[PDB]
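Peer 1: Quick one, fold the following:
(2 chains, ligands or ions: 6)
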2 protein chains.
Amino acid sequence: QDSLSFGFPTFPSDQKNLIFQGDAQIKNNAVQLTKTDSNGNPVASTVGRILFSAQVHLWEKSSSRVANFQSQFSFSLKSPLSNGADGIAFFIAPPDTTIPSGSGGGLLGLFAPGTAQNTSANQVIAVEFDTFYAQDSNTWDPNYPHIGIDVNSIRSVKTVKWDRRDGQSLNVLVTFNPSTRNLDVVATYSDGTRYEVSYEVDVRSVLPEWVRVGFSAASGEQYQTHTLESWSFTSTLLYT
Amino acid sequence: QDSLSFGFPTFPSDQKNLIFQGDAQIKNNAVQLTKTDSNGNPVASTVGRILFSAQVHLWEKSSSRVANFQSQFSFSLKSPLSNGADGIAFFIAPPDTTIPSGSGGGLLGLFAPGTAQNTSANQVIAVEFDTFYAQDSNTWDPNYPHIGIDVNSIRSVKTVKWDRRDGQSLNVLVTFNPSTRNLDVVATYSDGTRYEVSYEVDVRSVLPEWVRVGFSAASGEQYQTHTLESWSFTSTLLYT
Ligand SMILES: OC[C@H]1O[C@H](OC[C@H]2O[C@H](OC[C@H]3O[C@@H](O)[C@@H](O)[C@@H](O)[C@@H]3O)[C@@H](O)[C@@H](O[C@H]3O[C@H](CO)[C@@H](O)[C@H](O)[C@@H]3O)[C@@H]2O)[C@@H](O)[C@@H](O)[C@@H]1O
Ligand SMILES: OC[C@H]1O[C@H](O[C@@H]2[C@H](O)[C@@H](O)O[C@H](CO)[C@H]2O)[C@@H](O)[C@@H](O)[C@@H]1O
Ligand SMILES: [Ca+2]
Ligand SMILES: [Ca+2]
Ligand SMILES: [Mn+2]
Ligand SMILES: [Mn+2]
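Peer 2: Numbering: from 1, shown residues only, chains lettered A, B, ... in the order given. Ligands and ions are numbered 1, 2, ... in the order given. Below is the structure:
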């Protein structure tokens, strides 16, 4: 299909079109990407991702069209620790994408250690909300919590300072305009606090024609829950 | 998802979200539900169906919601003969549906011979465009070409006389309103000739909460091509 759209105002337990990878699962009408104990508290060493089952037609070589897409979603992070880790990310990757071996912790379940910073060995575009930046382990991160745009590497092509707020929902709107090739990110907390970051990228040189979209999260030594509360997505092929 | 929609203005050969069953295949940017020879001519004894991969949430017992839906599509029938058979149908059925054994010809690839008219034995709602009605083999049919609404039986609960036009595209709009429970069908040819038929049906008592939608077509001893040219679908769960 040239156009596809779906909306999850909430996430009931009875799901049919989501691919669950790792420790991800539904709990209390929301997706808990990372593992939580019986009391619902976050635990260390956990990675989880979800993908919508239907494949998205991102671009089409034969007709030189590229999709205009928008992803709106909200999530919340919570942890009794002063340094909850590691973060959640919305991503786009080839349809057969699975959790790489050893992609836990700061790698957000998106990259393998050996090529995490090798832009030539990956095919992934992601928007990360990174809460852990210890300069000794996450050497690639700026020294503060941030929102980052990742293109084939855990070392963001761009970051903006972000404030982590325990237990508060962050609403995010990610859009891509094929005409300008601008990938825009707008995130807001309920009090009006706003964050914006943009980056020009030709998705055709990074991703295959058909892709799957979803979210990924992970916790290494430090932990926190990564709760996806809602998600709506839409994409349509346009001439360029 | 509470809402889902997709649109196929045409059907390029590289499909990823379509389930092909029987002889259905893509040819010349359209879906040929029934088999054709080398020079594109229709052949006898052929059945084919397509279903969209993502499951549709038709209703939810938890929230007492029922989905409203709208399916828009166009098809054309072509046959060297003048008694083309057997017809094409838009249908909704359980996710694991497959072509029943012996459902060729007048059964349109939707029902088994032994239970074709047993309502309590089937789970399917379909909108058929039936072009063959010989009373010896299609005993359940009115004695003329017709559009019919089928609810768990090949013997339509409601039909309207229809005119078959070789090679001309028929535009169809099928809508289901959960508030009134009316399933409305509107079909028109490019010159404005219009056909309408509707029926009141409580989908909750006929189909499970999650379903799959698609098309089916078949040709017995008489034949014609069943070319699906375009298709768009949208459904949204609503409180009545
Ligand atoms: O989930 C977070 C993080 O977890 C993993 O990283 C492990 C660990 O790496 C560094 O410390 C290594 C080692 O140091 C020893 O002295 C001892 O403490 C041992 O237990 C540690 O494993 C640090 O980056 C560490 O972070 C903590 O210490 C730093 C100071 O060095 C603080 O700034 C920070 O706030 C923490 O208190 C970290 O836990 C990996 O999975 C990694 O990918 C993850 O991002
Ligand atoms: O495709 C039409 C029709 O073919 C088969 O039945 C035949 C027709 O009724 C007609 O050709 O007369 C034949 C002799 O009686 C009869 O076999 C079946 O496949 C039927 O299902 C189909 O509608
Ligand atoms: Ca980090
Ligand atoms: Ca018939
Ligand atoms: Mn980062
Ligand atoms: Mn009929």
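Peer 1: Now do the contacts for residue A:188.
Peer 2: A:170, A:171, A:172, A:194, A:195 (C-beta atoms under 8 Å, 6 or more residues apart in numbering or on different chains). In this view, the C-beta of every residue, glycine as well, is placed from N, C-alpha and C.
Peer 1: What degree of burial does the last one show, as a neighbour count?
Peer 2: Spelled out, that is residue A:195. By other C-beta atoms under 10 Å in any protein chain shown, the residues close to residue A:195 number 18.
Peer 1: Return the residues in contact with the residue in chain A positioned nearest to ligand 4.
Peer 2: Nearest to ligand 4, among the residues of chain A, is residue A:1, at 30.4 Å (C-beta to the ion). Residues near residue A:1 by C-beta under 8 Å, 6+ apart: A:57, B:6, B:7, B:8, B:17.
Peer 1: what's the answer for residue A:99, then?
Peer 2: Residues near residue A:99 by C-beta under 8 Å, 6+ apart: A:21, A:22, A:47, A:49, A:109, A:216.
Peer 1: sorry, back to before: now the residue of chain A closest to ligand 4: how far from residue A:90?
Peer 2: 21 Å (C-beta to C-beta, to the nearest Å).
Peer 1: what does residue A:184 give?
Peer 2: Taken as C-beta to C-beta, the span from residue A:184 to residue A:90 is 13 Å.
Peer 1: try residue A:105
Peer 2: 19 Å.
Peer 1: Nearest spatial neighbour of the closest residue to ligand 6 within chain A, chain-adjacent residues omitted?
Peer 2: Residue nearest to ligand 6 within chain A: residue A:1 (29.5 Å; C-beta to the ion). Excluding the flanking residues, the one nearest residue A:1 by C-beta to C-beta, 6 or more residues apart in numbering or on different chains is residue B:6, at 4.1 Å.
Peer 1: And what about the one you found, helix, strand or coil?
Peer 2: strand (DSSP: H, G, I helix; E, B strand; the rest coil).
Peer 1: Show me what it is bridged to.
Peer 2: residue A:4, residue B:233 (DSSP bridges).
Peer 1: That one contacts residue A:55, correct?
Peer 2: No: counting by C-beta atoms under 8 Å, residue B:6 does not reach residue A:55; the two are 11.1 Å apart.
Peer 1: Show me which of those two is the more surrounded one.
Peer 2: Applying other C-beta under 10 Å to residue B:6 and residue A:55 shows that residue A:55 carries more neighbours, namely 22 against 19.
Peer 1: where do the contact lists of residue B:6 and residue A:55 overlap?
Peer 2: residue B:17.
Peer 1: just to revisit the earlier point, same drill for residue A:184 and residue A:90, tell me which one is more crowded.
Peer 2: For residue A:184 versus residue A:90, neighbours defined as other C-beta under 10 Å are more numerous around residue A:90 (22 against 16).
Peer 1: Identify the residue of chain A closest to ligand 2, quick one.
Peer 2: Nearest to ligand 2, among the residues of chain A, is residue A:1, at 31.8 Å (C-beta to the nearest ligand atom).
Peer 1: so residue A:165 makes contact with residue A:189?
Peer 2: Yes: with contacts counted by C-beta under 8 Å, residue A:165 reaches residue A:189, the gap being 6.1 Å.
Peer 1: give me every residue that touches the nearest residue to residue A:221 once chain neighbours are set aside.
Peer 2: Nearest residue to residue A:221, sequence neighbours excluded (C-beta to C-beta, 6+ apart): residue A:44, at 5.8 Å. Neighbour list for residue A:44: A:219, A:220, A:221, A:222, A:223 [criterion: C-beta under 8 Å, 6+ apart].
Peer 1: cool, residue A:138 as well?
Peer 2: Counted by C-beta under 8 Å, 6+ apart, residue A:138 has contacts A:106, A:130, A:132.
Peer 1: Highest neighbour count among the residues you listed?
Peer 2: residue A:130 (26 neighbours).
Peer 1: Tally up the residues packed near the closest residue to it other than its chain neighbours, please.
Peer 2: Spatial nearest neighbour of residue A:130, excluding adjacent residues (C-beta to C-beta, 6+ apart): residue A:87 at 4.1 Å. Other residues near residue A:87 come to 29 when the count uses other C-beta under 10 Å.
Peer 1: Please report how far the residue in chain A that ligand 5 sits nearest to lies from residue A:196.
Peer 2: Nearest to ligand 5, among the residues of chain A, is residue A:130, at 3.6 Å (C-beta to the ion). Separation of residue A:130 from residue A:196 (C-beta to C-beta): 17 Å.
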